[PDB]
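Novice: File coords.txt follows (compact mmCIF, C-alpha atoms and all ligand atoms):
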# COMPACT_ATOMS: atom_id res chain seq x y z
CA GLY R 58 0.00 0.00 0.00
CA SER R 59 1.31 3.40 -1.17
CA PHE R 60 -1.54 5.45 0.36
CA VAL R 61 -1.27 4.89 4.13
CA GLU R 62 -2.70 8.36 4.92
CA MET R 63 -6.00 7.41 3.21
CA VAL R 64 -6.29 3.72 4.22
CA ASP R 65 -9.08 3.20 6.82
CA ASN R 66 -10.46 6.76 6.44
CA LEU R 67 -14.11 5.56 6.14
CA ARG R 68 -16.71 4.76 8.79
CA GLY R 69 -20.32 3.61 8.71
CA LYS R 70 -22.21 0.61 7.35
CA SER R 71 -24.42 -0.44 4.43
CA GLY R 72 -27.72 0.42 6.11
CA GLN R 73 -26.83 4.09 6.81
CA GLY R 74 -23.99 4.84 4.40
CA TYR R 75 -20.17 5.04 4.48
CA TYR R 76 -18.69 8.46 5.18
CA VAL R 77 -15.38 10.36 5.10
CA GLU R 78 -14.34 13.33 7.19
CA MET R 79 -13.98 16.63 5.28
CA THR R 80 -13.48 20.28 6.20
CA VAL R 81 -15.26 23.28 4.64
CA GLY R 82 -14.46 26.99 5.01
CA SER R 83 -11.88 29.20 6.73
CA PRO R 84 -11.26 28.45 9.56
CA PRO R 85 -11.98 24.77 8.66
CA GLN R 86 -15.37 23.37 9.78
CA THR R 87 -15.24 19.57 10.20
CA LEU R 88 -18.13 17.49 8.81
CA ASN R 89 -18.76 13.81 8.08
CA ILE R 90 -19.73 13.24 4.47
CA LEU R 91 -21.52 10.31 2.77
CA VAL R 92 -19.35 8.85 -0.06
CA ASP R 93 -21.80 8.64 -2.98
CA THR R 94 -20.89 7.40 -6.47
CA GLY R 95 -24.61 7.64 -7.43
CA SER R 96 -24.89 11.48 -7.45
CA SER R 97 -22.76 14.50 -8.43
CA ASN R 98 -23.48 17.28 -5.87
CA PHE R 99 -21.46 18.20 -2.78
CA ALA R 100 -24.33 19.12 -0.46
CA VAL R 101 -24.03 19.76 3.27
CA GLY R 102 -26.47 20.56 6.09
CA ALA R 103 -26.25 24.35 6.58
CA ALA R 104 -29.06 24.89 9.10
CA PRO R 105 -30.25 23.21 12.32
CA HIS R 106 -31.95 19.86 11.84
CA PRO R 107 -33.12 17.31 14.49
CA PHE R 108 -30.70 14.63 13.14
CA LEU R 109 -27.68 16.94 12.86
CA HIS R 110 -25.40 17.77 15.80
CA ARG R 111 -23.33 20.06 13.54
CA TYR R 112 -23.60 21.91 10.21
CA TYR R 113 -21.88 24.31 7.82
CA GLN R 114 -22.03 27.92 9.04
CA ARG R 115 -21.33 30.08 5.97
CA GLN R 116 -21.27 33.30 8.08
CA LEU R 117 -18.19 31.93 9.96
CA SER R 118 -16.22 31.23 6.80
CA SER R 119 -14.08 34.09 5.45
CA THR R 120 -13.66 32.19 2.10
CA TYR R 121 -17.37 31.52 1.59
CA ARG R 122 -18.66 32.85 -1.78
CA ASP R 123 -22.41 33.20 -2.45
CA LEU R 124 -23.44 32.06 -5.96
CA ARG R 125 -26.90 33.74 -5.41
CA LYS R 126 -28.80 30.69 -6.67
CA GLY R 127 -31.06 28.16 -5.03
CA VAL R 128 -31.35 24.45 -5.78
CA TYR R 129 -34.34 22.13 -5.35
CA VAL R 130 -33.44 18.44 -5.34
CA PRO R 131 -36.38 15.98 -5.16
CA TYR R 132 -35.57 12.22 -4.90
CA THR R 133 -37.87 9.15 -4.82
CA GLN R 134 -37.86 9.10 -1.00
CA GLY R 135 -36.56 12.38 0.33
CA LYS R 136 -35.74 15.86 -0.92
CA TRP R 137 -33.80 18.99 -0.08
CA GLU R 138 -33.49 22.63 -0.96
CA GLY R 139 -30.32 24.63 -0.67
CA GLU R 140 -28.30 27.68 -1.60
CA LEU R 141 -25.34 27.39 -3.98
CA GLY R 142 -21.92 28.77 -3.12
CA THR R 143 -18.21 27.95 -3.15
CA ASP R 144 -15.59 27.54 -0.38
CA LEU R 145 -12.26 25.91 0.39
CA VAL R 146 -12.61 22.16 0.97
CA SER R 147 -10.11 19.56 2.27
CA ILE R 148 -10.12 15.89 3.21
CA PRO R 149 -7.98 15.48 6.37
CA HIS R 150 -7.28 11.75 5.74
CA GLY R 151 -6.81 12.37 2.05
CA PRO R 152 -4.56 14.10 -0.46
CA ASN R 153 -2.73 17.00 1.19
CA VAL R 154 -4.44 19.65 -0.95
CA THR R 155 -7.20 22.29 -0.51
CA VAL R 156 -9.51 23.15 -3.38
CA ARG R 157 -12.23 25.68 -4.10
CA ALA R 158 -15.41 23.66 -4.76
CA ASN R 159 -19.13 24.15 -5.22
CA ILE R 160 -21.19 23.57 -2.09
CA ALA R 161 -24.98 23.27 -1.90
CA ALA R 162 -25.82 24.62 1.60
CA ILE R 163 -28.93 22.59 2.65
CA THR R 164 -31.48 24.88 4.31
CA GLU R 165 -34.56 22.60 4.15
CA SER R 166 -34.96 18.84 3.72
CA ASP R 167 -37.38 15.94 4.05
CA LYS R 168 -36.23 12.32 4.73
CA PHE R 169 -32.71 13.23 3.55
CA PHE R 170 -30.69 13.10 6.80
CA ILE R 171 -30.65 9.71 8.59
CA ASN R 172 -30.91 9.65 12.38
CA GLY R 173 -27.71 8.17 13.84
CA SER R 174 -25.86 7.92 10.46
CA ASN R 175 -23.18 10.30 11.87
CA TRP R 176 -22.91 12.20 8.52
CA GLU R 177 -23.99 15.77 7.79
CA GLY R 178 -23.64 15.96 4.03
CA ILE R 179 -23.08 14.04 0.78
CA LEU R 180 -20.18 13.88 -1.65
CA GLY R 181 -21.53 13.17 -5.10
CA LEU R 182 -18.66 11.50 -6.97
CA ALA R 183 -20.41 10.83 -10.31
CA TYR R 184 -20.27 13.12 -13.42
CA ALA R 185 -21.51 16.68 -14.22
CA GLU R 186 -24.26 15.36 -16.53
CA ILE R 187 -26.28 14.41 -13.44
CA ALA R 188 -25.34 17.39 -11.25
CA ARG R 189 -28.19 19.61 -10.02
CA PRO R 190 -29.51 22.12 -11.14
CA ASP R 191 -27.58 21.31 -14.34
CA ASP R 192 -24.16 20.20 -15.70
CA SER R 193 -22.64 23.70 -15.30
CA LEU R 194 -22.27 23.07 -11.52
CA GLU R 195 -18.83 21.45 -11.52
CA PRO R 196 -18.70 18.32 -9.22
CA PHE R 197 -16.16 18.15 -6.38
CA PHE R 198 -13.88 15.56 -8.04
CA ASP R 199 -13.70 17.59 -11.27
CA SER R 200 -12.62 20.67 -9.22
CA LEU R 201 -10.06 18.55 -7.30
CA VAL R 202 -8.44 17.21 -10.52
CA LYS R 203 -8.52 20.58 -12.31
CA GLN R 204 -6.95 22.49 -9.39
CA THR R 205 -4.30 19.98 -8.22
CA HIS R 206 -1.93 17.27 -9.53
CA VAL R 207 -4.16 14.51 -8.04
CA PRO R 208 -4.65 11.74 -10.72
CA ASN R 209 -8.20 11.43 -12.20
CA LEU R 210 -9.02 8.24 -10.27
CA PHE R 211 -10.35 7.12 -6.89
CA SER R 212 -10.92 3.70 -5.37
CA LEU R 213 -13.33 2.44 -2.70
CA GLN R 214 -13.03 -0.38 -0.20
CA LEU R 215 -16.40 -0.61 1.72
CA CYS R 216 -16.11 -2.97 4.71
CA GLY R 217 -19.22 -4.67 6.08
CA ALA R 218 -18.48 -6.01 9.59
CA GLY R 219 -20.39 -9.30 9.02
CA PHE R 220 -22.37 -8.68 12.20
CA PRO R 221 -24.39 -5.82 13.78
CA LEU R 222 -22.49 -2.83 15.16
CA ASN R 223 -24.25 -0.90 17.95
CA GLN R 224 -24.09 2.95 18.20
CA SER R 225 -20.70 3.04 20.07
CA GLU R 226 -19.17 0.27 17.92
CA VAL R 227 -20.09 1.85 14.55
CA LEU R 228 -18.41 5.09 15.73
CA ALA R 229 -15.21 3.29 16.77
CA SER R 230 -15.03 0.82 13.86
CA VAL R 231 -13.12 1.19 10.56
CA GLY R 232 -15.68 1.11 7.75
CA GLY R 233 -13.22 1.05 4.85
CA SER R 234 -11.06 3.19 2.58
CA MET R 235 -11.44 5.89 -0.03
CA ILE R 236 -8.13 6.28 -1.88
CA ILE R 237 -8.10 9.61 -3.74
CA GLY R 238 -5.80 9.59 -6.78
CA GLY R 239 -4.62 6.00 -6.59
CA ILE R 240 -4.87 2.25 -5.95
CA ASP R 241 -3.67 0.80 -2.67
CA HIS R 242 -2.49 -2.83 -3.13
CA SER R 243 -3.10 -3.74 0.55
CA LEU R 244 -6.91 -3.45 0.04
CA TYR R 245 -7.33 -6.40 -2.27
CA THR R 246 -6.08 -9.87 -3.21
CA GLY R 247 -5.65 -11.38 -6.68
CA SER R 248 -6.05 -9.44 -9.89
CA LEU R 249 -8.01 -6.31 -10.78
CA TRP R 250 -10.40 -6.83 -13.73
CA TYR R 251 -11.77 -3.81 -15.60
CA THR R 252 -15.15 -3.18 -17.17
CA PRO R 253 -15.71 -0.08 -19.41
CA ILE R 254 -17.65 2.93 -18.11
CA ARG R 255 -20.38 2.84 -20.83
CA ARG R 256 -21.18 6.57 -20.51
CA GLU R 257 -20.04 9.25 -18.10
CA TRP R 258 -23.13 10.34 -16.07
CA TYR R 259 -23.71 7.68 -13.42
CA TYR R 260 -20.89 5.09 -13.25
CA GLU R 261 -22.70 3.03 -15.90
CA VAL R 262 -21.57 -0.54 -16.75
CA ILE R 263 -22.89 -3.48 -18.78
CA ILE R 264 -23.85 -6.86 -17.24
CA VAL R 265 -23.63 -9.66 -19.88
CA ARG R 266 -24.60 -12.78 -17.89
CA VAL R 267 -26.01 -13.65 -14.46
CA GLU R 268 -25.59 -16.92 -12.56
CA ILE R 269 -27.03 -18.28 -9.28
CA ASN R 270 -24.74 -21.06 -7.99
CA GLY R 271 -23.29 -21.45 -11.56
CA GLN R 272 -26.80 -21.79 -13.05
CA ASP R 273 -27.36 -19.27 -15.82
CA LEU R 274 -30.42 -17.00 -15.20
CA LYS R 275 -30.77 -17.30 -19.03
CA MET R 276 -32.42 -13.92 -19.64
CA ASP R 277 -31.81 -11.71 -22.71
CA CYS R 278 -28.80 -9.74 -21.36
CA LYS R 279 -30.56 -6.45 -22.24
CA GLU R 280 -32.94 -7.24 -19.30
CA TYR R 281 -29.99 -7.02 -16.87
CA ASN R 282 -29.26 -3.39 -17.94
CA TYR R 283 -32.84 -2.16 -18.35
CA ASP R 284 -32.78 0.82 -18.32
CA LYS R 285 -29.12 1.06 -17.08
CA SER R 286 -26.71 -0.68 -14.65
CA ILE R 287 -24.73 1.49 -12.23
CA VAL R 288 -22.14 1.15 -9.41
CA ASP R 289 -23.48 3.13 -6.47
CA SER R 290 -21.83 3.40 -3.06
CA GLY R 291 -24.93 5.44 -1.98
CA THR R 292 -27.35 2.46 -2.25
CA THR R 293 -27.52 -0.27 0.44
CA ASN R 294 -28.90 -3.11 -1.71
CA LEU R 295 -28.09 -4.94 -4.86
CA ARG R 296 -31.14 -3.61 -6.84
CA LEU R 297 -32.40 -5.49 -9.89
CA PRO R 298 -34.90 -4.61 -12.65
CA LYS R 299 -38.36 -6.05 -11.87
CA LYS R 300 -38.16 -9.08 -14.24
CA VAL R 301 -34.54 -9.86 -13.28
CA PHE R 302 -35.45 -9.60 -9.59
CA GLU R 303 -38.38 -12.02 -10.09
CA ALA R 304 -36.13 -14.54 -11.91
CA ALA R 305 -33.21 -14.16 -9.42
CA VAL R 306 -35.49 -14.56 -6.31
CA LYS R 307 -37.11 -17.67 -7.80
CA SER R 308 -33.64 -19.16 -8.37
CA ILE R 309 -32.32 -18.07 -4.92
CA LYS R 310 -35.48 -19.63 -3.33
CA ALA R 311 -34.93 -22.87 -5.29
CA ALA R 312 -31.22 -23.07 -4.25
CA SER R 313 -32.13 -22.43 -0.55
CA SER R 314 -35.30 -24.65 -0.62
CA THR R 315 -34.19 -26.86 2.31
CA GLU R 316 -35.43 -23.94 4.52
CA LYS R 317 -38.59 -21.98 3.85
CA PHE R 318 -38.61 -18.19 4.43
CA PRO R 319 -41.71 -15.96 4.65
CA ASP R 320 -42.60 -13.60 1.76
CA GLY R 321 -41.72 -10.60 3.95
CA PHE R 322 -38.10 -11.86 4.14
CA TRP R 323 -37.77 -12.00 0.30
CA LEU R 324 -39.40 -8.56 0.13
CA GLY R 325 -36.53 -7.19 2.27
CA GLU R 326 -39.07 -6.11 4.92
CA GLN R 327 -38.56 -8.72 7.63
CA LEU R 328 -35.53 -10.19 9.23
CA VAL R 329 -34.73 -13.86 9.73
CA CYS R 330 -32.80 -15.16 12.77
CA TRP R 331 -30.80 -18.24 13.66
CA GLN R 332 -29.31 -19.38 16.98
CA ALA R 333 -25.90 -17.69 17.59
CA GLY R 334 -23.29 -18.92 15.07
CA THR R 335 -25.68 -21.30 13.21
CA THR R 336 -26.46 -19.17 10.11
CA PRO R 337 -26.74 -21.81 7.31
CA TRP R 338 -24.58 -19.85 4.80
CA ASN R 339 -24.03 -23.07 2.75
CA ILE R 340 -27.76 -23.43 1.85
CA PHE R 341 -27.73 -19.96 0.18
CA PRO R 342 -26.19 -19.68 -3.31
CA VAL R 343 -23.33 -17.52 -4.62
CA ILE R 344 -24.28 -14.87 -7.24
CA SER R 345 -22.13 -14.07 -10.23
CA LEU R 346 -22.42 -11.02 -12.43
CA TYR R 347 -20.44 -11.15 -15.68
CA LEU R 348 -19.33 -7.72 -16.85
CA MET R 349 -18.08 -6.63 -20.29
CA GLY R 350 -14.27 -6.76 -20.42
CA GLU R 351 -11.84 -4.30 -21.95
CA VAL R 352 -10.95 -6.73 -24.77
CA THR R 353 -13.42 -7.44 -27.63
CA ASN R 354 -15.60 -10.53 -26.93
CA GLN R 355 -14.10 -10.94 -23.49
CA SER R 356 -15.88 -10.73 -20.12
CA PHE R 357 -15.08 -11.46 -16.47
CA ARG R 358 -17.23 -12.28 -13.43
CA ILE R 359 -17.55 -10.97 -9.87
CA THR R 360 -19.08 -13.44 -7.42
CA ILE R 361 -20.65 -12.58 -4.06
CA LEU R 362 -21.72 -14.75 -1.19
CA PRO R 363 -24.79 -14.69 1.10
CA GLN R 364 -22.37 -12.94 3.59
CA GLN R 365 -22.66 -9.95 1.18
CA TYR R 366 -26.38 -10.15 0.29
CA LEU R 367 -27.71 -10.99 3.82
CA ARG R 368 -27.40 -7.73 5.76
CA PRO R 369 -26.70 -8.24 9.50
CA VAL R 370 -29.34 -6.59 11.69
CA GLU R 371 -29.86 -6.49 15.42
CA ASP R 372 -32.79 -8.65 16.57
CA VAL R 373 -35.88 -6.70 17.73
CA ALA R 374 -35.41 -8.37 21.16
CA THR R 375 -31.59 -7.66 20.93
CA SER R 376 -31.22 -11.43 21.74
CA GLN R 377 -28.10 -13.51 21.07
CA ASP R 378 -29.46 -14.69 17.71
CA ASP R 379 -27.70 -13.79 14.42
CA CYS R 380 -30.30 -11.96 12.30
CA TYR R 381 -30.30 -10.53 8.77
CA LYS R 382 -32.45 -8.91 6.11
CA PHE R 383 -32.41 -9.98 2.44
CA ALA R 384 -30.50 -7.12 0.72
CA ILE R 385 -31.48 -7.74 -2.93
CA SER R 386 -34.53 -5.75 -4.07
CA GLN R 387 -36.36 -4.66 -7.21
CA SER R 388 -35.81 -1.49 -9.14
CA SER R 389 -37.78 0.35 -11.85
CA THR R 390 -34.61 2.39 -12.71
CA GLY R 391 -32.17 -0.38 -13.70
CA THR R 392 -29.61 -2.42 -11.85
CA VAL R 393 -27.91 -0.77 -8.86
CA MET R 394 -24.69 -2.41 -7.61
CA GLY R 395 -24.92 -0.96 -4.08
CA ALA R 396 -23.06 -1.80 -0.83
CA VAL R 397 -24.08 -5.55 -1.26
CA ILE R 398 -21.78 -5.69 -4.28
CA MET R 399 -19.23 -3.14 -3.08
CA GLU R 400 -18.55 -4.79 0.27
CA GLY R 401 -17.25 -7.89 -1.60
CA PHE R 402 -14.75 -5.92 -3.67
CA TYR R 403 -12.15 -3.23 -3.92
CA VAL R 404 -13.61 -0.94 -6.62
CA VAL R 405 -11.39 1.34 -8.73
CA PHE R 406 -13.18 4.29 -10.38
CA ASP R 407 -10.66 4.90 -13.13
CA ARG R 408 -12.14 8.03 -14.66
CA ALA R 409 -8.87 8.78 -16.59
CA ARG R 410 -9.26 5.49 -18.53
CA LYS R 411 -13.12 5.41 -18.48
CA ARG R 412 -13.19 2.04 -16.69
CA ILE R 413 -14.14 0.46 -13.36
CA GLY R 414 -11.90 -2.17 -11.75
CA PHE R 415 -12.92 -4.99 -9.42
CA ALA R 416 -10.80 -7.17 -7.19
CA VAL R 417 -11.61 -9.42 -4.20
CA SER R 418 -11.72 -7.16 -1.11
CA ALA R 419 -9.25 -7.80 1.71
CA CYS R 420 -12.21 -7.01 4.08
CA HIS R 421 -15.05 -9.08 2.51
CA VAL R 422 -16.89 -11.36 4.93
CA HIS R 423 -16.77 -15.07 4.07
CA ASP R 424 -16.51 -18.54 5.66
CA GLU R 425 -13.90 -21.35 5.51
CA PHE R 426 -15.66 -22.94 2.47
CA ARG R 427 -16.31 -20.07 0.03
CA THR R 428 -14.87 -16.70 -0.84
CA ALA R 429 -15.97 -13.83 -3.08
CA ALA R 430 -14.18 -13.95 -6.45
CA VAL R 431 -13.22 -11.90 -9.53
CA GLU R 432 -12.31 -14.24 -12.41
CA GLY R 433 -11.68 -14.23 -16.12
CA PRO R 434 -11.51 -14.07 -19.03
CA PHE R 435 -14.61 -15.61 -20.61
CA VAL R 436 -15.52 -15.57 -24.29
CA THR R 437 -18.75 -13.50 -24.61
CA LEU R 438 -20.25 -12.42 -27.95
CA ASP R 439 -22.36 -9.36 -28.94
CA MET R 440 -21.97 -7.73 -25.49
CA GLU R 441 -22.83 -4.31 -27.01
CA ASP R 442 -26.39 -5.67 -27.53
CA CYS R 443 -26.66 -6.07 -23.72
CA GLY R 444 -26.69 -2.27 -23.35
CA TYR R 445 -30.11 -0.61 -23.32
CA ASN R 446 -31.20 2.30 -25.59
CA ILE R 447 -34.41 4.39 -25.17
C1 LIG J 501 -24.41 2.17 1.23
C2 LIG J 501 -25.40 3.21 1.54
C3 LIG J 501 -26.22 4.03 1.81
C4 LIG J 501 -27.24 4.96 2.20
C5 LIG J 501 -28.05 4.72 3.31
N1 LIG J 501 -29.01 5.57 3.72
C6 LIG J 501 -29.18 6.69 3.01
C7 LIG J 501 -28.44 7.03 1.89
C8 LIG J 501 -28.70 8.28 1.11
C9 LIG J 501 -29.11 9.46 1.74
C10 LIG J 501 -29.45 10.58 1.01
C11 LIG J 501 -29.38 10.55 -0.38
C12 LIG J 501 -28.96 9.39 -1.04
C13 LIG J 501 -28.92 9.34 -2.57
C14 LIG J 501 -29.35 10.65 -3.30
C15 LIG J 501 -29.00 10.91 -4.74
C16 LIG J 501 -28.33 11.69 -3.65
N2 LIG J 501 -27.59 8.80 -3.06
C17 LIG J 501 -27.83 7.72 -3.80
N3 LIG J 501 -26.93 7.00 -4.47
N4 LIG J 501 -29.19 7.31 -3.75
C18 LIG J 501 -29.78 6.12 -4.38
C19 LIG J 501 -29.92 8.24 -3.04
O1 LIG J 501 -31.11 8.17 -2.82
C20 LIG J 501 -28.62 8.26 -0.29
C21 LIG J 501 -27.44 6.14 1.48
Output the file's structure in the form of structure tokens.

Specialist:
Amino acid sequence: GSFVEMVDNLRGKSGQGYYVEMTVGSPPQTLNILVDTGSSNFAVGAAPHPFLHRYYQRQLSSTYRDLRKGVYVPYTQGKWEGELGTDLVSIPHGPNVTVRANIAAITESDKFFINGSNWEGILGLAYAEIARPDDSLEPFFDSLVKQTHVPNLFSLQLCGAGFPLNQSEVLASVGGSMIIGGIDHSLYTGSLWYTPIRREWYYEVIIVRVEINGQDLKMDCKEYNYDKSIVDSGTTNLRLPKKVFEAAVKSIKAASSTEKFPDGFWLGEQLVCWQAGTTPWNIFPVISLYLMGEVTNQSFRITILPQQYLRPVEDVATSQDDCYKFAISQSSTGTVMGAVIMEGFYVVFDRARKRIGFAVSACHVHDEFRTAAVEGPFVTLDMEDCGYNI
């Protein structure tokens, strides 16, 4: 590892998000910021909120610049309004540089901040195309690269603990690493395999084949990327398009048929519990996603275990049982490779070479019988036809 200063700079968990410490303004105001590859705005709480114990105070920053423009950002579940400005921004456990970046100062919000998440803002790491209000609002990473000598690349190691972390534990635990400008070899084992970034807006990729315990889901590959497939550190679940979700759940049910689970479990609503240490990992299948390779007609696969897709949760009765929720769910907006995928792998967002790399994570949870994997190459034809077009 050549980036010791950035290794282990993340905290949090899949259910509430992984965050990095940043500073905004002069003198520096410390805030915890959600690492989000699924959006492109740097937006921070800038007014009192019940779930915030701190926020950005523009009046206390001598370097604050008012852009005299508001922003209204409505999501599916949650929304926020803010005021656009610029200020000096740094990442203490990051590159040793300070940059002037756009900041959306959140003045009003609904279901945006998460009680107990320990973060006060979001760092949208995707491209300008999806920035709000429009693509003229330069994203943080674009500003960072343009103003410094930091290489146009970052890499994420999200570390699921494999068990529930209480309030105190989640604050004292290392949640992972965000390496700005490089690849740290201590965060992964084996080889890195790269898939092309199809288009620069979200981190869009193309899935060419899906298997459940080596059994091909056998769907037209276009279904897997309908209407897009993205890598999103800001989503908890592995989200699948409706038809893909229906086919995958049927196959996961069939593979795990020695034990029957209620519909609410498969719906990701209800947890399932087993006596301490008896989780029957072996009855649940592995899931492989084949991604388009960098070489013509070549693909590779990333394989996750139930230790990635079964999210550890504390039992309602805080008993000694090991409990989980099913962390694969349906989407009407394409595939979303969220923390379920990301926790299995070290993920390299190689913007300079328009590609995303995957390698087995040094912090993925597994058992003595199975491990997550990144393998290749495979001969795969007409992979371009797997990509969806409106
Ligand atoms: C892993 C993880 C996580 C996580 C947990 N709880 C809330 C959030 C959380 C909180 C606020 C906004 C967001 C968003 C919006 C677009 C900016 N980021 C994102 N990629 N997605 C799909 C969102 O809805 C996520 C993330």

Novice: I want to know what sits within 10 Å of residue 172 in chain R, based on only C-alpha atoms, with residues of the same chain fewer than 5 positions away left out; could you give that as a PyMOL selection string?

Specialist: chain R and resi 73+107-109

Novice: Those selected residues, please, written with C-alpha atoms and delivered as a short mmCIF file (atom, residue, chain, number, x, y, z; two decimals), in the coordinates of the input.

Specialist:
data_model
loop_
_atom_site.label_atom_id
_atom_site.label_comp_id
_atom_site.auth_asym_id
_atom_site.auth_seq_id
_atom_site.Cartn_x
_atom_site.Cartn_y
_atom_site.Cartn_z
CA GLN R 73 -26.83 4.09 6.81
CA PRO R 107 -33.12 17.31 14.49
CA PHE R 108 -30.70 14.63 13.14
CA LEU R 109 -27.68 16.94 12.86
#

Novice: Would you mind listing the residues within 8 Å of ligand LIG 501 (chain J), counting all atoms listed in the file, as a PyMOL selection string?

Specialist: chain R and resi 70-75+91+93-98+132-135+168-171+174+179+181+289-294+395-396

Novice: Pick out the residues sitting within 7 Å of range 331-340 of chain R, and hand them over as JSON, numbers by chain; count all atoms listed in the file, and ignore anything fewer than 2 positions along from it in its own chain.

Specialist: {"R": [313, 342, 363, 377, 378, 379, 380]}

Novice: Quick one, how far is CA of residue 257 in chain R from CA of residue 65 in chain R?

Specialist: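 Rounded to one decimal, the two atoms are 27.9 Å apart.
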
Novice: In Å to one decimal, how far is CA of residue 123 in chain R from CA of residue 77 in chain R?

Specialist: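 Calculated distance between CA of residue 77 in chain R and CA of residue 123 in chain R is 25.1 Å.
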
Novice: For residue 270 in chain R, find every residue with an atom within 10 Å (counting only C-alpha atoms), except residues of its own chain fewer than 3 positions away, and show them as a PDB file with C-alpha atoms, keeping the file's coordinate frame.

Specialist:
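Okay, result.pdb is ready:
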ATOM      1  CA  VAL R 267     -26.010 -13.650 -14.460  1.00  0.00           C
ATOM      2  CA  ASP R 273     -27.360 -19.270 -15.820  1.00  0.00           C
ATOM      3  CA  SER R 308     -33.640 -19.160  -8.370  1.00  0.00           C
ATOM      4  CA  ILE R 309     -32.320 -18.070  -4.920  1.00  0.00           C
ATOM      5  CA  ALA R 312     -31.220 -23.070  -4.250  1.00  0.00           C
ATOM      6  CA  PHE R 341     -27.730 -19.960   0.180  1.00  0.00           C
ATOM      7  CA  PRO R 342     -26.190 -19.680  -3.310  1.00  0.00           C
ATOM      8  CA  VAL R 343     -23.330 -17.520  -4.620  1.00  0.00           C
ATOM      9  CA  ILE R 344     -24.280 -14.870  -7.240  1.00  0.00           C
ATOM     10  CA  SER R 345     -22.130 -14.070 -10.230  1.00  0.00           C
ATOM     11  CA  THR R 360     -19.080 -13.440  -7.420  1.00  0.00           C
ATOM     12  CA  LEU R 362     -21.720 -14.750  -1.190  1.00  0.00           C
TER      13      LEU R 362
END

Novice: Between R:92, R:306, R:130, R:81, which has the minimum distance to residue 117 in chain R (counting all atoms listed in the file)?

Specialist: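 Closest to residue 117 in chain R, using all atoms listed in the file: R:81.
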
Novice: Skip residue 200 in chain R itself and residues of its chain fewer than 5 positions away, then list as an MDAnalysis selection string all residues within 8 Å of it, counting all atoms listed in the file.

Specialist: chainID R and resid 156:158 195

Novice: Mind checking which residues fall within 12 Å of residue 106 in chain R, counting only C-alpha atoms, ignoring those fewer than 4 positions away in the same chain, and posting them as a list in words?

Specialist: residues 101, 102, 110, 111, 112, 113, 163, 164, 165, 166, 167, 168, 169, 170, 171, 172 and 177 of chain R

Novice: Considering all atoms listed in the file, state which residue in the set R:382, R:149, R:357, R:404 is at the smallest distance from residue 435 in chain R.

Specialist: R:357
